[PDB]
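Since the structure comes first, as structure tokens, the remarks are kept for the end.
Below, chains carry the letters A, B, ... as their sequence lines are ordered, and counting in each starts from 1. No hydrogens, no waters, no symmetry mates; every other heavy atom, side chains included, goes into these values.
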Amino acid sequence: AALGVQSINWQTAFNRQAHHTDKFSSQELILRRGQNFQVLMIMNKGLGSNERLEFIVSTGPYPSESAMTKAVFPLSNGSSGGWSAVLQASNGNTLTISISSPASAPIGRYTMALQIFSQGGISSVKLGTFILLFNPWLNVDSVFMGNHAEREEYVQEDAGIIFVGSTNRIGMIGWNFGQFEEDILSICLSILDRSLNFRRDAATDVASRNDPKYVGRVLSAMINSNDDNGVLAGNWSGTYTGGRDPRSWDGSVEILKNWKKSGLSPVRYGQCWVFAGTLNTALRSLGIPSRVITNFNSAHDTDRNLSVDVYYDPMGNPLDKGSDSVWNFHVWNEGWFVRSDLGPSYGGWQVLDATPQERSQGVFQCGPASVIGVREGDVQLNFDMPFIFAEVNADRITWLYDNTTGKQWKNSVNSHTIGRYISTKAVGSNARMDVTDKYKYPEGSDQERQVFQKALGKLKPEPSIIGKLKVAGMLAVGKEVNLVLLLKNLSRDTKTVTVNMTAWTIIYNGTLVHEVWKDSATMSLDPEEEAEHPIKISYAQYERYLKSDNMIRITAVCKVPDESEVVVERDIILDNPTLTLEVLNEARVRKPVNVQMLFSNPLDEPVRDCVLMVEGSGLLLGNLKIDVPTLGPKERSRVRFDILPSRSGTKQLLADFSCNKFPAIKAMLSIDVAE
Amino acid sequence: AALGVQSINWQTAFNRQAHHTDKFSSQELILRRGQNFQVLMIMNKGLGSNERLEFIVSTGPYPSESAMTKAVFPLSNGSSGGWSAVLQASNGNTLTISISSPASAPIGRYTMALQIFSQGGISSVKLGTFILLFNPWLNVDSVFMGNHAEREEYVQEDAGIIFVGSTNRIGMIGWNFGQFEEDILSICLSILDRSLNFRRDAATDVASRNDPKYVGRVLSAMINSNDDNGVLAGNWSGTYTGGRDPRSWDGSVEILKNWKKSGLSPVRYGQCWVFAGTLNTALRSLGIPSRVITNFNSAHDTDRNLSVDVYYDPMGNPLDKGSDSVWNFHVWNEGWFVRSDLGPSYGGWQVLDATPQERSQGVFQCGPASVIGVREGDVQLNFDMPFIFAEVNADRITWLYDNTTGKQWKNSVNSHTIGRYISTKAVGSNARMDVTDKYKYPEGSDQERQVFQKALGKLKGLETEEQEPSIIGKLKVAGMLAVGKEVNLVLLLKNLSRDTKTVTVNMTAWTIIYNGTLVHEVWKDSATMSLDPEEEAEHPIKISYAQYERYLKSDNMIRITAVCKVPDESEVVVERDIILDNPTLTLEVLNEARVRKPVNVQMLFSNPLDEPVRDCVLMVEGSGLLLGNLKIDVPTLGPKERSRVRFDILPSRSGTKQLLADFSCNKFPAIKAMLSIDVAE
Ligand SMILES: [Br-]
Ligand SMILES: [Br-]
Ligand SMILES: [Ca+2]
Ligand SMILES: [Ca+2]
Ligand SMILES: [Cl-]
Ligand SMILES: [Cl-]
């Protein structure tokens, strides 16, 4: 009989453990490039002296050796270079074989076949399939990350923390990346088979999958549904009918599965952190060390002049014209890999932004931009350096505009309000790690200014009255809003100040929703005198136009005769009533544990359409949706439910409580699961 | 000023599209007979009431009205008989004219002139030339084929499939008809001006070009180079020095172009499917619906009253006499047209065979033969019915002949081993369509027996039938058969009597050519077994690569024979022709296929031998994918080694296209590869 294969033992557990791919729920053989994996192949006879076995691996719809998307290699006693198979031992008809792949191999799904030369003939049989991913553990892989703890956080951690809020108060929300949850890896890999690039030229696209710079850019385009091809639909209108309020999501898992389940139609709706969390899931799952970055006072310079304008009218009203030019915060991602296209000094973290803001080469894609390059103002380098540089360095120009007279006039310029407290979750804890100093030099330093001049050069070759808005007491949805406008006359003359104030509910990016309060006043201030004007906005006044952001834009345009106006600005955040989660016993793998959701209605009216949503990788499979009955005024809602720990370690339970009067109330709970 | 033509607008694109001749690469005006075409003729002035225009068309060297090779017709307001010109509109000095031709007009190249009668004088000017072809779309045309699907296949399709192999395994080879490729129509038209018929009497030959029976028959004569006039030179010797191995060709395109290019000397070399593929190109190009037929176990000799003899000696050797009388398969063609010379019931498919076999009317030409007429045994009708009927109905008589004693004796008769699985490519797909029931009635039916007697009766002492052979034999193949691997067979013997008999077995193995041409003995042996009543036994036959490789030809065929004998009883002959597969050869397109966009293709091959493979040449072609034939030299390929060849193709026509490749090297001549490709706009 001719030489043939009887069975193949992929020793999946062993290899996946060695390749650090064992956390994936899948049962498939998952591997990382440039690393050896061992298989046992039982033949029907002994390897003849004149017989030969040649392995064949291929990926994509047009496997080609010249494109590195196909490889043919013989069984040897020594390792070649890229792909190779070494016979380490023979026991009976069983051949212990160690297969190797090149550190530069394209990632994705592969098929392995075996060609057998025996008895003057040739036979071919398919051995099976496997998944190949980037290898942050391999020193020669472009995504190499040498530090153990860092790699665990940027690749293996499926529980995250995203910072939000504003410069006045940095808050945070938990996010379930869940890259290891069932079918998530699969879906993320399929994204590459659905890109505009793939449709344009499948052969070249798959061959380019050996480049994290390429895979990263494609993902930044595919995470949004713009260009009629992607996952998430952006919506910053404050009205989310026909979809889900962006702030209600707790992770990337539901978004990706819903995307697949709906035949790849847009998932409604998401905002920047939602795009970032989902992008982070794709990057980590594929093997690209990545993390979520939040930039506060993030600007959108549309005409590449490193400057943005914000307008107000004399009545103190913010104008749509630029109300969203400087977001309270904006979230994006950073990917870790070298930049062979830029040089040895631009490796490391690379900015990737999936939020559809600026079109790049005609498509809503953004990055990879070297963070180090951004810090030095080398904006001619790929990709999208000008836009990203502006997000953290732009100047903010305040304008006054009177539509009635058609006149417009410069009020002031601030070169440092934009690009503050750039944050990311610390390695191994929920602490806030500030990485502002990574994106730019200290405000005031020469470098800061030298860099700015540098970048700009490449793109385009006294008030007597001081004001400040202060928050009085606690701000929470249901309670009245109390503020104070503090004014002081610094001149030696008595001044008469005319004050025009407004309050508008907004979306975090600055989208103006509706006026909820306005007032004016005239105060006479003596030299050096300080006066306060109280600002009170009741719940009845703002509740009707307040959105899930729980934000209000307070503005005070003050003016003294013969002097330029003085604009006082302040975006405030009202806290949602508290929502709490509590485990009612010790947590242990595969053992049910009861949990408790606590919530008290602070309103004088009942709260209806109450829905509780809970999830957490390693604690629960998927999303748990619980309908909660109408809760009367001052009443408490006690909800109980069980979770079933499946993986030991420090886990994260997340919940969303949405009702007619309170959309997207969030709750987070850290749980240590024991073996 | 006298009336005169300033210019003429043939509206070539418009007319060719309407006439279904737009696929031809040519720029010329190509039209079909019996169908109107419109022209715009700009005169120097308005057409006067007392002026007149006479159109004049002519074809051939001796155009005459009486011969229909010349026609003179006036510009009128109503259409008429054969040729006619109708003035549809007059704008300024431009005349919109609709010219019509008769459905019985001779095909070929025409010249059109204009005679103008003006101011008491007569002027004449040549307008131009055009090509007239048969019109399968016209109901009154003898080649009319009403069904859309069939017509597209039998006329418009330039990619084909020809079935080959044997009754034990029907294989298939792709063929590039390429009737639309550059110069092909011109060359096929030129054949008519080169026939023995044309040289004899050009006047009559040309006038006969209005008849598909005539054109078809002439083509059957000119596709072969016999009679010192024609295209392909046959060669079934297994040695093709000075020419090309018949199995290496992939189409009719290189063949016809080589013919023209060589000054019309013989193209070496071809075998039946090559003649058929080439004849198919000519037929489709000229407008005659046609297809390729393959008859397995085809009677090539049988010139002795519907019967062929095959001889063997007692040692089990096949004898040269009759070894090639019954080809494993023979390929020919069928043309679609009415038979006004035979009657209304004989129209349809007509057998046409360009393979030089039997001389007819002093020339190597064959057909047309009504397929319906063959089925009915009406072998008195033209043309060559006796022979074609025999190819599919002949009896096969096996003989034993001992040279030493000069004695020969009938072994057995098989009235149904010949004429099997007659096949042709299905309409629209590569599927195999069996048409055996179209050539003859089922075996066992009284119909086929009646027809046989009938046919036999129109053509032109005791063999006591013994008792059951007692010994039954059959040869079976063990494992796959491939060039490079050893051949393994098993002779199964069974004693059906009940007295325990002793059997002497003499076996041999001869490499052959598909037609039966014996090449060389590569194995022989003998055995004497004793079988008890009802007992079965099996003798193993093994032939190593080393033993046959030296004498195996591109056919990769071997004739296995076993002469078995029991005392006091006629011998039992067991025969089996086998086929060894070539190593795999595969083609891979490395991207989507789109019109006018280059795409890379990959040639994949692995040498299964323990020795190198040299003089490797890759030949690729496919109408609508490449212009002509791409020849690629491939470096010496080592043992168990793989070849990595890439090359680009450039789709030029959307639709399902067929890429063909031939890979020949010193150890493996003519390995074939086929790949269907969908080209989008
Ligand atoms: Br605040
Ligand atoms: Br066979
Ligand atoms: Ca998109
Ligand atoms: Ca001839
Ligand atoms: Cl998966
Ligand atoms: Cl031509």
Pair A:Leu53-A:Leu95, side chain to side chain contact (heavy atoms under 4.5 Å, CB included): steps then yes or no: CA-CA 11 Å; A:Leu53 306 183; A:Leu95 308 172; 4.1 Å; yes

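- Counting non-hydrogen atoms of neighbouring residues, nucleotides and ligands closer than 6.0 angstrom, the CZ atom of A:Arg199 exceeds 12 such neighbours.
- In this structure the side chain of A:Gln38 reaches within 4.5 angstrom of the side chain of A:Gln88, judged on heavy atoms.
- Between B:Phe605 and B:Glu641, every side-chain heavy-atom pair lies at or beyond the 4.5 Å cut-off.
- Using a cutoff of 4.0 Å between basic side-chain nitrogens and carboxylate oxygens, B:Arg559 and B:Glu521 are not scored as salt-bridged.
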Residues B:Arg646, A:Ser66; criterion side chain to side chain contact (heavy atoms under 4.5 Å, CB included); working and verdict: CA-CA 9 Å; B:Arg646 279 161 53 231; A:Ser66 51; 3.6 Å; yes

From CA spacing to verdict: side chain to side chain contact (heavy atoms under 4.5 Å, CB included), A:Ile107, A:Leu192: CA-CA 10 Å; A:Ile107 63 164; A:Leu192 304 186; 4.3 Å; yes

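- Atom CD1 of B:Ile161 sits about 4.0 Å away from atom CE of B:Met674, to the nearest 0.5 Å.
- With hydrogens and angles disregarded, no donor-acceptor distance shorter than 3.5 Å links the side chain of A:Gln11 to the backbone of A:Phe37.
- Residue A:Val143 comes nearest to A:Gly287 through the heavy atom pair CG2-O, 3.8 Å, listed as atom of the first residue, atom of the second, then distance.
- For the residue pair A:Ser118/A:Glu51, the side-chain donor-acceptor check at 3.5 Å is satisfied.
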Residues B:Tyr551, B:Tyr548; criterion ring-ring contact (aromatic ring centres under 6.0 Å, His included); working and verdict: CA-CA 6 Å; B:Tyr551 305 100; B:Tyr548 69 69; over 10 Å; no

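- Side-chain contact check for B:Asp250 and B:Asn176: no donor-acceptor pair (N or O, by modelled atom type) lies under 3.5 Å.
- Annotation: the span from B:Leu637 atom CG to B:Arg644 atom CZ amounts to 12.5 Å, rounded to 0.5 Å.
- For B:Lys631, the NZ atom is loosely surrounded, since the number of other residues' heavy atoms within 6.0 Å does not exceed 12.
- A donor-acceptor contact closer than 3.5 angstrom is absent between the side chains of A:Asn210 and A:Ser104.
- Between B:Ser248 and B:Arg244, the side chains place a donor N or O and an acceptor N or O closer than 3.5 Å (distance only, hydrogens not considered).
- Summarising the local packing, CD of A:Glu182 is surrounded by 12 or fewer heavy atoms from other residues, nucleotides or ligands at distances under 6.0 Å.
- A donor-acceptor pair under 3.5 Å is absent between the side-chain atoms of A:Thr204 and the main chain of A:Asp201, judged by distance alone.
- Within the model, atoms CD1 of A:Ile288 and NZ of A:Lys213 stand 10.5 Å from one another, a figure rounded to the nearest 0.5 Å.
- In this structure, the side chains of B:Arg169 and B:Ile578 stay at 4.5 Å or more apart for every pair of heavy atoms.
- Contact check for B:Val620 versus B:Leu626: side-chain heavy atoms found under the 4.5 Å cut-off.
- A donor and an acceptor atom, one from each side chain of A:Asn44 and A:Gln6, are nowhere located under 3.5 Å apart.
- The side chain to side chain contact (heavy atoms under 4.5 Å, CB included) test applied to B:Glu486 returns B:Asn488, B:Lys542, not counting sequence neighbours.
- For the pair A:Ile116 and A:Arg52, the minimum side-chain heavy-atom distance is 4.5 Å or more.
- Using a distance-only test at 3.5 Å, with no hydrogens or angles considered, no donor-acceptor pair links the side chain of A:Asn15 to the main chain of A:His19.
- A donor-acceptor contact under 3.5 angstrom links the side chains of A:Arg109 and A:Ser186, judged on distance only.
- Residues B:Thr656 and B:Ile677 have side chains not in contact (no heavy-atom distance under 4.5 Å, counting atoms from C-beta outward).
- Note that CH2 of A:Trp83 is 4.5 Å distant from OG of A:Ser101, once rounded to the nearest 0.5 Å.
- No more than 12 heavy-atom neighbours from other residues, nucleotides or ligands sit within 6.0 angstrom of CD on A:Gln27.
- With sequence neighbours excluded, no residue forms a ring pair (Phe, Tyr, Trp, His ring centres under 6.0 Å) with A:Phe117.
- Within 6.0 Å of CE on A:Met68 lie no more than 12 heavy atoms contributed by other residues, nucleotides or ligands.
- With a 6.0 Å radius and a threshold of 12 heavy atoms from other residues, nucleotides or ligands, B:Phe647 has its CZ atom above the threshold.
- Between A:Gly46 and A:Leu3, the shortest heavy-atom contact is O-CD1, 4.2 Å.
- Side-chain contact check for A:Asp205 and A:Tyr214: at least one donor-acceptor pair (N or O, by modelled atom type) lies under 3.5 Å.
- Relative ring orientation between A:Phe73 and A:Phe55 is described as parallel, the plane-to-plane angle staying below 30° on a 0-90° scale split at 30° and 60°.
- When atom types are taken as modelled, the side chain of A:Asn91 and the backbone of A:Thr94 share no donor-acceptor pair closer than 3.5 angstrom.
- Cation-pi geometry between A:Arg32 and A:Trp137 is not satisfied (NZ or CZ under 6.0 Å from the ring centre, within 45° of the ring normal).
- Looking at B:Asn666 and B:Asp615, their side chains never bring a donor and an acceptor atom within 3.5 Å of each other.
- Using a 3.5 Å distance cut-off with no hydrogens or angles, the side chains of A:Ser79 and A:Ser84 do pair a donor with an acceptor.
- Applying the salt bridge (charged side-chain N to carboxylate O under 4.0 Å, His left out) test to residues at least two apart or on different chains, none of the pairs has a partner in residues 93-104 of chain A.
- Within the 4.5 Å cutoff, no side-chain heavy atoms of A:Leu29 are placed close to those of A:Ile131.
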Residue pair A:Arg33, A:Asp141: steps toward the side chain to side chain contact (heavy atoms under 4.5 Å, CB included) verdict: CA-CA 8 Å; A:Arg33 64 183 189 174; A:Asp141 187 323; 2.9 Å; yes

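- For the 3.5 Å distance criterion, the side chains of B:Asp662 and B:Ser664 qualify, holding a donor opposite an acceptor.
- Crowding of A:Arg194 atom CZ: a count of heavy atoms from other residues, nucleotides or ligands under 6.0 Å not exceeding 12.
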Trace of the salt bridge (charged side-chain N to carboxylate O under 4.0 Å, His left out) decision for B:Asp245 with B:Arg247: CA-CA 5 Å; B:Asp245 189 308; B:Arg247 317 198 73 115; 5.8 Å; no

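- A donor-acceptor pair under 3.5 Å is absent between the side-chain atoms of A:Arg151 and the main chain of A:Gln156, judged by distance alone.
- Looking only at side-chain heavy atoms (C-beta outward), B:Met480 and B:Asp581 stay at 4.5 Å or farther from each other.
- Taken to the nearest 0.5 Å, the CD atom of A:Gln35 stands 9.5 Å off from the OG atom of A:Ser100.
- In this structure, the separation between OH on A:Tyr154 and CG on A:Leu283 is 14.0 Å, given to the nearest 0.5 Å.
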Evaluation steps, ring-ring contact (aromatic ring centres under 6.0 Å, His included), between B:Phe329 and B:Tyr514: CA-CA 7 Å; B:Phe329 74 80; B:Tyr514 83 96; 4.6 Å; yes

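- Between B:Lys667 and B:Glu549 a salt bridge is recorded (basic side-chain N to carboxylate O distance below 4.0 Å).
- Distance alone, capped at 3.5 Å, is enough to place a donor-acceptor pair between the A:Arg16 side chain and the A:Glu28 backbone.
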